[PDB]
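Chemist: This is the structure, below, for whatever I ask next.
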Amino acid sequence: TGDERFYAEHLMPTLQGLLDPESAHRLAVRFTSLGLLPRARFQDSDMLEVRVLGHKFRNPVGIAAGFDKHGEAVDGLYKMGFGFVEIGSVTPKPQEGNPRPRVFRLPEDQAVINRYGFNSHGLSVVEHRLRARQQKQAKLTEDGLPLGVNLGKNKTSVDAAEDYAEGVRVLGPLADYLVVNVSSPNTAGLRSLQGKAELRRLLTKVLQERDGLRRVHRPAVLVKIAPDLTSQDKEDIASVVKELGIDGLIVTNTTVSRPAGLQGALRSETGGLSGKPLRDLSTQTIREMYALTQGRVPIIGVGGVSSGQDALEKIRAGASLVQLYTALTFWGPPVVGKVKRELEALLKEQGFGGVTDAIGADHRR
Ligand SMILES: Cc1nc(Cl)sc1C(=O)Nc1cccc(Oc2ccc(NC(=O)/C(C#N)=C(\O)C3CC3)cc2)c1
Ligand SMILES: Cc1cc2nc3c(=O)[nH]c(=O)nc-3n(C[C@H](O)[C@H](O)[C@H](O)COP(=O)(O)O)c2cc1C
Ligand SMILES: O=C(O)c1cc(=O)[nH]c(=O)[nH]1
């Protein structure tokens with residue numbers, strides 16, 4: 001399509017020349033919440049439909065956490081064509097995050113490095129914002145367009161588990177699923193909440209809080225992990241997740257590694273790297289987690305997805321759903337239709353009836 005080329009070759013490179021990445025991000029959020037977005041032409045095929053996490057998803061392509069941190073653009077994102085939307089991370093109290101600049105483009109690598117540090121409007125602001133459209137969301141969810149809420153912790157917080165517990169109580173009733181983000185590279189000490197006995201403590205408390213919500217307001221609970229885990233970390237996570245009955249895994253967050261071959265001038269900036277250089281590390285982590293959980297724990301695959309083939313590789317590796325964030329900053333909105341359309345053509349070619357049949361297919365052949 002000419003739409004896709006025009007955004008990739010002209011529109012998005014123009015935006016890059018005009019604005020720094022954080023301004024571009026804020027402008028995008030503003031324009032999305034106003035509904036100012038091109039054609040919704042591609043009507044979703046039945047092949048793209050997935051049933052997982054106690055819900056129907058019209059299509060398996062979601063927007064990853066971080067684009068809509070404060071829940072301002074949910075409806076614009078469904079209009080863009082995403083089959084589900086995740087907001088956050090949201091922290092209990094408002095906070096500024098790190099000083100600017102904090103986000104950096106690596107156009108040669110199709111990569112971004114960010115160190116936002118959980119800038120959040122806080123639970124209360126986000127709660128009221130989601131309450132204003134709650135019934136609208138209940139009809140979207142019923143129509144196969146679910147909402148996820150990603151939870152983080154405040155910087156100065158003494159008690160990590162309590163920050164997540166507050167998030168469960170406040171935003172849990174408003175979410176189809178919740179994400180315990182234990183994998184941000186940009187809050188000190190946060191990533192070691194991924195070691196055994198302390199991860200069992202934390203998730204036990206989270207699941208207890210969740211179980212104490214009323215039935216129609218009781219969301220699925222997922223854990224979001226980094227691509228930088230040791231084999232030991234991964235084995236411990238799989239074990240805790242099976243023992244406790246966690247509903248699923250999001251795989252993966254951004255990486256603190258800098259793979260050999262990055263060209264961008266800004267490659268040595270502190271922060272998490274996303275986009276194309278993260279793609280295969282993330283696919284390999286999906287593959288490992290799926291095998292370690294015996295295919296019993298639904299996985300949302302994320303990291304460098306920018307085409308139907310990328311999405312299909314994650315699905316075949318064991319993802320039931322996928323997300324993207326960085327691709328959108330290089331291709332703009334038409335990237336959503338592109339990934340859906342290529343994913344559907346590839347499923348026909350490899351002889352799958354729908355997305356469901358492809359899930360984990362690499363582990364059976
Ligand atoms: C206004 C309008 N009028 C017509 Cl007629 S079509 C159209 C349009 O293209 N709308 C539109 C609206 C919202 C986002 C968008 O595309 C995006 C999506 C994401 C980003 N984000 C970034 O560029 C970006 C960067 N760099 C980031 O998000 C940084 C933080 C990672 C920018 C534009 C495009
Ligand atoms: C600017 C930016 C902000 C992000 N913020 C968050 C966040 O708040 N919480 C979270 O769990 N992930 C966050 N992520 C990670 C994305 O959700 C996704 O896991 C990661 O970027 C890999 O996907 P991608 O390569 O498609 O961008 C962020 C990523 C970027 C680029
Ligand atoms: O806010 C951030 O810095 C952030 C959080 C997160 O989970 N992942 C990421 O790349 N950045």
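For the structure tokens, the naming scheme is as follows: chains receive sequential letters (A, B, ...) according to their order of presentation, residues are indexed from 1 within each chain, and ligands are indexed from 1 in presentation order.
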Which chains and residue numbers are within 9 Å of ligand 3, counting only C-alpha atoms and all ligand atoms, if I want them as number ranges by chain?

Modeler: A: 65-66, 69, 88-89, 97-98, 102-103, 113-120, 150, 152, 181-187, 224, 226, 253-255, 271-274

Chemist: Based on the selection just made, write N, CA, C and O atoms of those residues as a CSV table (one decimal), in the first residue's frame.

Modeler:
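This is the output file part.csv:
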chain,number,residue,atom,x,y,z
A,65,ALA,N,2.8,-1.6,26.8
A,65,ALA,CA,2.9,-0.6,27.8
A,65,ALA,C,3.9,0.5,27.5
A,65,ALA,O,5.0,0.2,26.9
A,66,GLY,N,3.7,1.7,27.9
A,66,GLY,CA,4.7,2.8,27.8
A,66,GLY,C,4.2,3.8,26.7
A,66,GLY,O,4.6,5.0,26.9
A,69,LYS,N,0.9,5.8,28.9
A,69,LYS,CA,1.3,5.6,30.4
A,69,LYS,C,0.1,5.9,31.3
A,69,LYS,O,0.0,5.2,32.4
A,88,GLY,N,-0.1,2.2,31.2
A,88,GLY,CA,0.9,2.1,32.2
A,88,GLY,C,2.3,2.1,31.7
A,88,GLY,O,2.5,2.3,30.4
A,89,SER,N,3.3,1.9,32.5
A,89,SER,CA,3.1,1.6,34.0
A,89,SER,C,2.5,2.8,34.7
A,89,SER,O,2.9,4.0,34.5
A,97,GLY,N,9.5,11.0,37.0
A,97,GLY,CA,10.4,10.2,36.3
A,97,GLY,C,11.8,10.9,36.2
A,97,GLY,O,12.0,11.9,36.9
A,98,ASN,N,12.7,10.4,35.4
A,98,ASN,CA,14.0,11.0,35.2
A,98,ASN,C,14.1,12.3,34.5
A,98,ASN,O,13.2,12.7,33.8
A,102,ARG,N,15.5,11.9,28.0
A,102,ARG,CA,15.4,10.5,28.5
A,102,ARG,C,15.1,9.5,27.5
A,102,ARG,O,15.2,8.3,27.8
A,103,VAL,N,14.8,9.9,26.3
A,103,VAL,CA,14.5,8.9,25.2
A,103,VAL,C,15.3,9.3,24.0
A,103,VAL,O,15.6,10.4,23.7
A,113,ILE,N,16.3,3.9,22.7
A,113,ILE,CA,16.7,3.7,24.1
A,113,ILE,C,15.8,4.7,24.9
A,113,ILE,O,15.7,5.9,24.6
A,114,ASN,N,15.2,4.2,26.0
A,114,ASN,CA,14.5,5.1,26.9
A,114,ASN,C,14.9,4.9,28.3
A,114,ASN,O,15.3,3.8,28.8
A,115,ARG,N,14.9,6.0,29.1
A,115,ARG,CA,15.0,6.0,30.6
A,115,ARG,C,14.0,6.9,31.3
A,115,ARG,O,14.4,7.8,32.1
A,116,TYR,N,12.8,6.8,30.9
A,116,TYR,CA,11.7,7.6,31.5
A,116,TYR,C,11.7,7.5,33.0
A,116,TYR,O,11.5,8.6,33.6
A,117,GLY,N,11.9,6.3,33.6
A,117,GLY,CA,11.9,6.2,35.0
A,117,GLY,C,10.5,6.2,35.6
A,117,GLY,O,10.3,6.8,36.7
A,118,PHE,N,9.5,5.7,34.9
A,118,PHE,CA,8.1,5.5,35.5
A,118,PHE,C,7.5,6.9,35.8
A,118,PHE,O,7.1,7.2,36.9
A,119,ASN,N,7.5,7.8,34.8
A,119,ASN,CA,6.8,9.1,35.0
A,119,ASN,C,5.3,8.6,35.0
A,119,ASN,O,4.9,8.0,34.0
A,120,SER,N,4.5,9.0,36.0
A,120,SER,CA,3.2,8.5,36.1
A,120,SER,C,2.3,9.6,36.7
A,120,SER,O,2.7,10.3,37.6
A,150,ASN,N,-0.8,-2.0,33.3
A,150,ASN,CA,0.5,-2.3,33.8
A,150,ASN,C,0.8,-1.5,35.1
A,150,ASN,O,0.7,-0.3,35.1
A,152,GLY,N,3.5,-0.3,38.2
A,152,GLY,CA,4.9,-0.2,38.7
A,152,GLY,C,4.9,0.3,40.1
A,152,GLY,O,3.9,0.4,40.8
A,181,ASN,N,4.9,-5.4,36.6
A,181,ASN,CA,6.1,-5.1,35.9
A,181,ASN,C,7.3,-5.2,36.9
A,181,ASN,O,7.5,-4.2,37.6
A,182,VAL,N,8.0,-6.3,36.8
A,182,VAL,CA,9.2,-6.5,37.6
A,182,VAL,C,10.5,-6.4,36.8
A,182,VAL,O,11.5,-7.0,37.2
A,183,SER,N,10.4,-5.7,35.7
A,183,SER,CA,11.5,-5.8,34.7
A,183,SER,C,11.9,-4.4,34.0
A,183,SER,O,12.6,-4.4,33.0
A,184,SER,N,11.4,-3.3,34.6
A,184,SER,CA,11.9,-2.0,34.1
A,184,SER,C,13.4,-1.9,34.4
A,184,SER,O,13.8,-2.1,35.6
A,185,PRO,N,14.2,-1.6,33.4
A,185,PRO,CA,15.6,-1.3,33.6
A,185,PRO,C,15.9,0.0,34.4
A,185,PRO,O,17.0,0.3,34.8
A,186,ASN,N,14.8,0.9,34.5
A,186,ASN,CA,15.0,2.3,34.9
A,186,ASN,C,14.5,2.7,36.3
A,186,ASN,O,14.4,3.9,36.6
A,187,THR,N,14.2,1.7,37.2
A,187,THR,CA,14.0,2.0,38.6
A,187,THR,C,15.0,1.0,39.3
A,187,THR,O,15.0,-0.2,39.1
A,224,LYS,N,5.6,-9.3,33.8
A,224,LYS,CA,6.4,-8.9,32.7
A,224,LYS,C,7.8,-9.0,33.1
A,224,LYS,O,8.3,-8.5,34.1
A,226,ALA,N,12.1,-9.3,31.9
A,226,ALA,CA,13.2,-8.7,31.1
A,226,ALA,C,13.8,-9.8,30.1
A,226,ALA,O,13.6,-11.0,30.4
A,253,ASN,N,10.3,-7.1,28.4
A,253,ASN,CA,10.6,-5.7,28.5
A,253,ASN,C,11.8,-5.3,27.6
A,253,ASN,O,12.2,-6.1,26.8
A,254,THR,N,12.3,-4.1,27.8
A,254,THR,CA,13.5,-3.6,27.0
A,254,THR,C,14.7,-4.2,27.6
A,254,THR,O,14.7,-4.7,28.7
A,255,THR,N,15.8,-4.2,26.8
A,255,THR,CA,17.1,-4.8,27.3
A,255,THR,C,18.1,-3.7,27.7
A,255,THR,O,18.2,-2.7,27.1
A,271,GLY,N,19.7,3.2,29.7
A,271,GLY,CA,18.3,2.9,29.5
A,271,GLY,C,18.0,1.6,28.8
A,271,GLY,O,18.9,0.8,28.6
A,272,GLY,N,16.7,1.3,28.6
A,272,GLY,CA,16.3,0.1,28.0
A,272,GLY,C,16.3,0.3,26.5
A,272,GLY,O,15.7,1.3,26.0
A,273,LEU,N,16.8,-0.7,25.7
A,273,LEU,CA,16.8,-0.7,24.3
A,273,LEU,C,15.6,-1.6,23.8
A,273,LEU,O,15.3,-2.7,24.3
A,274,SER,N,14.9,-1.0,22.8
A,274,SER,CA,13.8,-1.7,22.2
A,274,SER,C,13.9,-1.7,20.7
A,274,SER,O,14.8,-1.1,20.1

Chemist: Run DSSP on the backbone and grab whatever in range 77-248 of chain A lands in alpha helix (DSSP H); send it over as a ChimeraX atom specification.

Modeler: /A:77-79,122-131,134-142,160-171,196-211,231-244

Chemist: At a cut-off of 10 Å, using only C-alpha atoms, what residues contact residue 363 in chain A? Leave out same-chain residues fewer than 3 positions from it and give the result as a PDB file with N, CA, C and O atoms, in the first residue's frame.

Modeler:
ATOM      1  N   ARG A 287      10.506 -18.616  23.785  1.00  0.00           N
ATOM      2  CA  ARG A 287      10.738 -20.024  23.495  1.00  0.00           C
ATOM      3  C   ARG A 287      11.139 -20.776  24.766  1.00  0.00           C
ATOM      4  O   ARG A 287      10.608 -21.860  25.047  1.00  0.00           O
ATOM      5  N   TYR A 290       8.059 -20.827  27.375  1.00  0.00           N
ATOM      6  CA  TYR A 290       7.019 -21.725  26.944  1.00  0.00           C
ATOM      7  C   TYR A 290       7.381 -23.184  27.259  1.00  0.00           C
ATOM      8  O   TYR A 290       6.547 -23.926  27.778  1.00  0.00           O
ATOM      9  N   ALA A 291       8.630 -23.565  27.000  1.00  0.00           N
ATOM     10  CA  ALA A 291       9.119 -24.910  27.293  1.00  0.00           C
ATOM     11  C   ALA A 291       9.160 -25.140  28.795  1.00  0.00           C
ATOM     12  O   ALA A 291       8.745 -26.190  29.267  1.00  0.00           O
ATOM     13  N   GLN A 294       5.731 -25.720  30.149  1.00  0.00           N
ATOM     14  CA  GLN A 294       5.041 -26.799  29.419  1.00  0.00           C
ATOM     15  C   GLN A 294       3.911 -26.325  28.535  1.00  0.00           C
ATOM     16  O   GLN A 294       2.957 -27.058  28.307  1.00  0.00           O
ATOM     17  N   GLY A 295       3.960 -25.096  28.047  1.00  0.00           N
ATOM     18  CA  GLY A 295       2.850 -24.622  27.213  1.00  0.00           C
ATOM     19  C   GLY A 295       1.554 -24.354  27.964  1.00  0.00           C
ATOM     20  O   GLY A 295       0.537 -24.154  27.336  1.00  0.00           O
ATOM     21  N   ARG A 316       4.665 -18.823  16.920  1.00  0.00           N
ATOM     22  CA  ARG A 316       5.191 -20.183  16.796  1.00  0.00           C
ATOM     23  C   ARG A 316       6.114 -20.558  17.961  1.00  0.00           C
ATOM     24  O   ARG A 316       6.142 -21.722  18.373  1.00  0.00           O
ATOM     25  N   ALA A 317       6.814 -19.573  18.525  1.00  0.00           N
ATOM     26  CA  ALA A 317       7.701 -19.799  19.671  1.00  0.00           C
ATOM     27  C   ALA A 317       6.918 -20.040  20.966  1.00  0.00           C
ATOM     28  O   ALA A 317       7.475 -20.587  21.947  1.00  0.00           O
ATOM     29  N   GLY A 318       5.659 -19.591  20.997  1.00  0.00           N
ATOM     30  CA  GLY A 318       4.806 -19.878  22.124  1.00  0.00           C
ATOM     31  C   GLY A 318       3.934 -18.731  22.605  1.00  0.00           C
ATOM     32  O   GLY A 318       3.222 -18.888  23.612  1.00  0.00           O
ATOM     33  N   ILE A 359       0.040 -21.294  17.704  1.00  0.00           N
ATOM     34  CA  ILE A 359       0.627 -21.006  19.006  1.00  0.00           C
ATOM     35  C   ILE A 359       1.496 -22.168  19.466  1.00  0.00           C
ATOM     36  O   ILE A 359       0.996 -23.264  19.711  1.00  0.00           O
ATOM     37  N   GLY A 360       2.790 -21.931  19.629  1.00  0.00           N
ATOM     38  CA  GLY A 360       3.676 -22.989  20.102  1.00  0.00           C
ATOM     39  C   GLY A 360       3.997 -24.047  19.049  1.00  0.00           C
ATOM     40  O   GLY A 360       4.643 -25.046  19.364  1.00  0.00           O
TER      41      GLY A 360
END

Chemist: As a quick test: using only C-alpha atoms and all ligand atoms, which residues lie no more than 10 Å away from ligand 1? Give them as a CSV table (one decimal) with N, CA and C atoms, in the first residue's frame.

Modeler:
chain,number,residue,atom,x,y,z
A,3,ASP,N,0.0,4.1,1.4
A,3,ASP,CA,-0.1,4.6,2.8
A,3,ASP,C,1.1,4.3,3.6
A,7,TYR,N,4.2,7.0,5.0
A,7,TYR,CA,4.6,7.1,6.4
A,7,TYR,C,6.0,6.7,6.7
A,11,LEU,N,6.6,10.8,6.0
A,11,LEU,CA,5.9,11.4,7.2
A,11,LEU,C,6.7,11.2,8.5
A,12,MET,N,7.1,10.0,8.8
A,12,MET,CA,7.8,9.7,10.1
A,12,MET,C,9.3,10.3,10.1
A,13,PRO,N,10.0,10.2,8.9
A,13,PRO,CA,11.3,10.9,8.9
A,13,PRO,C,11.3,12.4,9.1
A,15,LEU,N,8.8,14.0,10.9
A,15,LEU,CA,8.5,14.1,12.3
A,15,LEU,C,9.8,14.1,13.1
A,16,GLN,N,10.7,13.1,12.8
A,16,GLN,CA,12.0,13.0,13.4
A,16,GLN,C,12.9,14.2,13.3
A,19,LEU,N,11.0,17.1,15.6
A,19,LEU,CA,10.8,17.0,17.1
A,19,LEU,C,11.7,16.0,17.7
A,20,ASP,N,12.1,16.3,19.0
A,20,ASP,CA,12.8,15.3,19.8
A,20,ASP,C,11.8,14.1,20.1
A,21,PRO,N,12.4,12.9,20.5
A,21,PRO,CA,11.5,11.8,20.6
A,21,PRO,C,10.4,12.0,21.7
A,22,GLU,N,10.7,12.6,22.9
A,22,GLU,CA,9.7,12.8,23.9
A,22,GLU,C,8.5,13.7,23.4
A,23,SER,N,8.9,14.8,22.7
A,23,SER,CA,7.8,15.7,22.2
A,23,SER,C,7.0,15.0,21.2
A,24,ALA,N,7.6,14.2,20.3
A,24,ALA,CA,6.9,13.4,19.3
A,24,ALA,C,5.9,12.4,20.0
A,25,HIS,N,6.4,11.7,21.1
A,25,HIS,CA,5.6,10.9,21.9
A,25,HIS,C,4.3,11.6,22.5
A,26,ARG,N,4.5,12.7,23.1
A,26,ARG,CA,3.4,13.5,23.7
A,26,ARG,C,2.4,14.0,22.6
A,27,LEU,N,2.9,14.4,21.5
A,27,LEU,CA,2.1,14.8,20.4
A,27,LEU,C,1.2,13.6,19.9
A,28,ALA,N,1.9,12.5,19.7
A,28,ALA,CA,1.2,11.3,19.3
A,28,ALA,C,0.1,10.9,20.3
A,29,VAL,N,0.4,11.0,21.6
A,29,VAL,CA,-0.6,10.6,22.6
A,29,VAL,C,-1.8,11.6,22.5
A,30,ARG,N,-1.5,12.9,22.4
A,30,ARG,CA,-2.6,13.9,22.2
A,30,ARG,C,-3.4,13.7,20.9
A,31,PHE,N,-2.8,13.4,19.8
A,31,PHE,CA,-3.5,13.2,18.6
A,31,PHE,C,-4.3,11.9,18.6
A,32,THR,N,-3.8,10.9,19.3
A,32,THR,CA,-4.5,9.6,19.4
A,32,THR,C,-5.8,9.8,20.3
A,33,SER,N,-5.6,10.5,21.4
A,33,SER,CA,-6.8,10.6,22.3
A,33,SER,C,-7.9,11.5,21.6
A,34,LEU,N,-7.5,12.3,20.7
A,34,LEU,CA,-8.5,13.1,19.9
A,34,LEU,C,-9.1,12.3,18.7
A,35,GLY,N,-8.6,11.1,18.4
A,35,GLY,CA,-9.1,10.3,17.3
A,35,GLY,C,-8.6,10.7,15.9
A,36,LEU,N,-7.6,11.6,15.9
A,36,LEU,CA,-7.0,12.1,14.6
A,36,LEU,C,-6.1,11.1,13.9
A,37,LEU,N,-6.6,10.1,13.3
A,37,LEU,CA,-5.9,8.9,12.8
A,37,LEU,C,-6.5,8.4,11.5
A,38,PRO,N,-5.7,8.0,10.5
A,38,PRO,CA,-6.1,7.6,9.2
A,38,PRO,C,-7.2,6.5,9.2
A,39,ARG,N,-7.4,5.9,8.0
A,39,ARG,CA,-8.4,4.9,7.7
A,39,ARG,C,-8.3,3.6,8.4
A,66,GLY,N,3.7,1.7,27.9
A,66,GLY,CA,4.7,2.8,27.8
A,66,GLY,C,4.2,3.8,26.7
A,67,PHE,N,3.4,3.4,25.8
A,67,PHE,CA,2.9,4.4,24.8
A,67,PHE,C,1.9,5.3,25.5
A,68,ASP,N,0.9,4.7,26.1
A,68,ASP,CA,-0.2,5.3,26.8
A,68,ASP,C,0.0,5.1,28.3
A,73,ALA,N,-5.5,7.6,25.9
A,73,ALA,CA,-5.7,7.4,24.5
A,73,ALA,C,-6.2,6.1,24.2
A,76,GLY,N,-8.6,5.9,21.0
A,76,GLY,CA,-7.8,6.1,19.8
A,76,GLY,C,-7.0,4.9,19.4
A,77,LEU,N,-6.5,4.2,20.4
A,77,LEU,CA,-5.7,3.0,20.1
A,77,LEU,C,-6.5,1.8,19.5
A,80,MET,N,-6.9,2.8,16.0
A,80,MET,CA,-5.7,2.4,15.2
A,80,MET,C,-5.7,1.0,14.7
A,102,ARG,N,15.5,11.9,28.0
A,102,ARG,CA,15.4,10.5,28.5
A,102,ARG,C,15.1,9.5,27.5
A,103,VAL,N,14.8,9.9,26.3
A,103,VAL,CA,14.5,8.9,25.2
A,103,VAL,C,15.3,9.3,24.0
A,104,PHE,N,15.7,8.3,23.2
A,104,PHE,CA,16.7,8.5,22.2
A,104,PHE,C,16.4,7.6,21.0
A,105,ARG,N,16.5,8.2,19.8
A,105,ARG,CA,16.3,7.4,18.6
A,105,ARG,C,17.6,6.8,18.1
A,106,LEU,N,17.5,5.6,17.6
A,106,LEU,CA,18.7,5.0,16.9
A,106,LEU,C,18.1,4.6,15.5
A,107,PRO,N,17.8,5.5,14.6
A,107,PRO,CA,17.2,5.2,13.4
A,107,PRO,C,17.8,4.2,12.5
A,111,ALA,N,15.7,1.3,16.5
A,111,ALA,CA,15.8,1.0,17.9
A,111,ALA,C,15.5,2.3,18.6
A,112,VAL,N,15.1,2.2,19.9
A,112,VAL,CA,14.9,3.4,20.7
A,112,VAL,C,15.6,3.0,22.0
A,113,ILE,N,16.3,3.9,22.7
A,113,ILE,CA,16.7,3.7,24.1
A,113,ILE,C,15.8,4.7,24.9
A,114,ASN,N,15.2,4.2,26.0
A,114,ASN,CA,14.5,5.1,26.9
A,114,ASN,C,14.9,4.9,28.3
A,116,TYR,N,12.8,6.8,30.9
A,116,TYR,CA,11.7,7.6,31.5
A,116,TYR,C,11.7,7.5,33.0
A,274,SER,N,14.9,-1.0,22.8
A,274,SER,CA,13.8,-1.7,22.2
A,274,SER,C,13.9,-1.7,20.7
A,325,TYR,N,5.5,-1.5,20.2
A,325,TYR,CA,5.6,-0.1,20.6
A,325,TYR,C,6.6,0.7,19.7
A,326,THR,N,7.8,0.2,19.6
A,326,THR,CA,8.8,0.9,18.8
A,326,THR,C,8.6,1.0,17.3
A,327,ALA,N,8.1,-0.1,16.7
A,327,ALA,CA,7.8,-0.1,15.2
A,327,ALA,C,6.9,1.1,14.8
A,328,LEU,N,6.0,1.4,15.7
A,328,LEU,CA,5.0,2.5,15.5
A,328,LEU,C,5.7,3.8,15.3
A,329,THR,N,6.8,4.0,16.0
A,329,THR,CA,7.5,5.3,15.9
A,329,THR,C,8.3,5.5,14.6
A,330,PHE,N,8.5,4.4,13.9
A,330,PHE,CA,9.2,4.4,12.6
A,330,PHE,C,8.3,4.3,11.4
A,331,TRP,N,7.1,3.6,11.6
A,331,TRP,CA,6.2,3.3,10.5
A,331,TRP,C,4.9,4.1,10.7
A,332,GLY,N,4.6,4.6,11.8
A,332,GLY,CA,3.4,5.2,12.1
A,332,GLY,C,2.2,4.2,12.2
A,333,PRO,N,1.0,4.7,12.3
A,333,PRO,CA,-0.2,3.8,12.5
A,333,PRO,C,-0.4,2.7,11.4
A,334,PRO,N,0.0,2.9,10.1
A,334,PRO,CA,-0.3,1.8,9.2
A,334,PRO,C,0.4,0.5,9.5
A,335,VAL,N,1.4,0.6,10.4
A,335,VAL,CA,2.1,-0.6,10.8
A,335,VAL,C,1.2,-1.7,11.4

Chemist: Quick one: residues within 9 Å of range 190-204 of chain A, only C-alpha atoms, excluding same-chain residues fewer than 3 positions away - as a PyMOL selection string?

Modeler: chain A and resi 153+160-162+164-165+180-187+207-209+223+225-226+229+232-234+236-237+239-241+244+246

Chemist: Pick the closest to ligand 2 from A:50, A:140, A:336, A:179: which is it, counting only C-alpha atoms and all ligand atoms?

Modeler: A:179

Chemist: Based on DSSP run over this structure's backbone, return all residues of range 52-263 of chain A in strand (DSSP E), as an NGL selection string.

Modeler: :A and (52 or 55-57 or 61-63 or 84-90 or 103-106 or 111-114 or 147-151 or 177-181 or 220-225 or 248-251)

Chemist: Can you work out which one of A:94, A:353, A:298, A:275 has the shortest atom-to-atom distance to ligand 2, counting only C-alpha atoms and all ligand atoms?

Modeler: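 With only C-alpha atoms and all ligand atoms as the atom set, the closest residue is A:275.
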
Chemist: Name all residues at most 12 Å from residue 339 in chain A (count only C-alpha atoms; drop same-chain ones fewer than 6 positions away) and give them as a ChimeraX atom specification.

Modeler: /A:4,42,44,48,59-62,81-83,305-312,322-324,327-328,331,333,345-346

Chemist: Output C-alpha atoms of each residue in that selection to a file, as a PDB file, in the first residue's frame.

Modeler:
ATOM      1  CA  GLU A   4       2.553   2.420   4.427  1.00  0.00           C
ATOM      2  CA  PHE A  42      -8.843  -3.688   7.000  1.00  0.00           C
ATOM      3  CA  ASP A  44     -10.421  -8.155  10.952  1.00  0.00           C
ATOM      4  CA  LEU A  48      -7.010 -13.473  13.774  1.00  0.00           C
ATOM      5  CA  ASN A  59      -6.911  -9.806  16.779  1.00  0.00           C
ATOM      6  CA  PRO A  60      -3.709 -10.725  18.539  1.00  0.00           C
ATOM      7  CA  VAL A  61      -1.793  -7.434  18.001  1.00  0.00           C
ATOM      8  CA  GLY A  62      -1.701  -5.133  21.051  1.00  0.00           C
ATOM      9  CA  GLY A  81      -6.632  -1.299  14.881  1.00  0.00           C
ATOM     10  CA  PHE A  82      -5.000  -2.870  17.971  1.00  0.00           C
ATOM     11  CA  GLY A  83      -6.855  -5.939  19.281  1.00  0.00           C
ATOM     12  CA  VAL A 305       7.792  -6.822  16.241  1.00  0.00           C
ATOM     13  CA  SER A 306       7.526  -4.952  12.927  1.00  0.00           C
ATOM     14  CA  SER A 307       5.937  -7.363  10.447  1.00  0.00           C
ATOM     15  CA  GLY A 308       3.636 -10.377  10.201  1.00  0.00           C
ATOM     16  CA  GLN A 309       6.696 -12.685  10.106  1.00  0.00           C
ATOM     17  CA  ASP A 310       8.051 -11.187  13.383  1.00  0.00           C
ATOM     18  CA  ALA A 311       4.624 -11.698  14.958  1.00  0.00           C
ATOM     19  CA  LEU A 312       4.317 -15.243  13.591  1.00  0.00           C
ATOM     20  CA  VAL A 322       1.837 -10.059  20.615  1.00  0.00           C
ATOM     21  CA  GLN A 323       2.517  -6.379  21.295  1.00  0.00           C
ATOM     22  CA  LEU A 324       4.526  -3.673  19.679  1.00  0.00           C
ATOM     23  CA  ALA A 327       7.787  -0.080  15.236  1.00  0.00           C
ATOM     24  CA  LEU A 328       4.987   2.470  15.515  1.00  0.00           C
ATOM     25  CA  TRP A 331       6.219   3.308  10.483  1.00  0.00           C
ATOM     26  CA  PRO A 333      -0.182   3.796  12.461  1.00  0.00           C
ATOM     27  CA  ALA A 345      -1.275 -14.248   4.653  1.00  0.00           C
ATOM     28  CA  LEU A 346       1.520 -16.189   6.407  1.00  0.00           C
TER      29      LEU A 346
END

Chemist: Which distance in Å separates atom 30 (C, counted along the ligand's line) of ligand 2 and CA of residue 121 in chain A, to one decimal?

Modeler: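 Distance between the two atoms: 17.0 Å.
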
Chemist: I'd like the interatomic distance between CA of residue 154 in chain A and CA of residue 71 in chain A, to a tenth of an Å.

Modeler: 17.8 Å

Chemist: Taking into account only C-alpha atoms, which residue in the set A:93, A:155, A:128, A:296 is nearest to residue 247 in chain A?

Modeler: A:296

Chemist: Just give me the gap between atom 14 (N, counted along the ligand's line) of ligand 2 and CA of residue 57 in chain A in Å, one decimal is fine.

Modeler: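 Going from atom 14 (N, counted along the ligand's line) of ligand 2 over to CA of residue 57 in chain A, I get 21.4 Å.
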
Chemist: Under the rule that only C-alpha atoms and all ligand atoms are counted, which of A:205, A:70, A:210, A:348 is the nearest residue to ligand 2?

Modeler: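 Checking each candidate against ligand 2, we get A:70 as the closest.
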
Chemist: Find the residues around residue 319 in chain A up to 6 Å (only C-alpha atoms counted), leave out those fewer than 3 positions away in its own chain, and share them as a PDB file with N, CA and C atoms, in the first residue's frame.

Modeler:
ATOM      1  N   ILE A 299       1.397 -16.677  27.007  1.00  0.00           N
ATOM      2  CA  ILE A 299       2.456 -15.701  26.872  1.00  0.00           C
ATOM      3  C   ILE A 299       2.064 -14.628  25.864  1.00  0.00           C
ATOM      4  N   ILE A 300       2.272 -13.370  26.252  1.00  0.00           N
ATOM      5  CA  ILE A 300       2.186 -12.234  25.311  1.00  0.00           C
ATOM      6  C   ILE A 300       3.597 -11.854  24.875  1.00  0.00           C
ATOM      7  N   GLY A 301       3.885 -12.022  23.591  1.00  0.00           N
ATOM      8  CA  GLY A 301       5.221 -11.808  23.080  1.00  0.00           C
ATOM      9  C   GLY A 301       5.415 -10.373  22.633  1.00  0.00           C
ATOM     10  N   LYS A 314       7.045 -15.152  16.951  1.00  0.00           N
ATOM     11  CA  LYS A 314       6.740 -15.148  18.380  1.00  0.00           C
ATOM     12  C   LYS A 314       5.598 -16.105  18.740  1.00  0.00           C
ATOM     13  N   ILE A 315       4.537 -16.102  17.936  1.00  0.00           N
ATOM     14  CA  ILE A 315       3.424 -17.047  18.075  1.00  0.00           C
ATOM     15  C   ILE A 315       3.904 -18.497  17.967  1.00  0.00           C
TER      16      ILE A 315
END
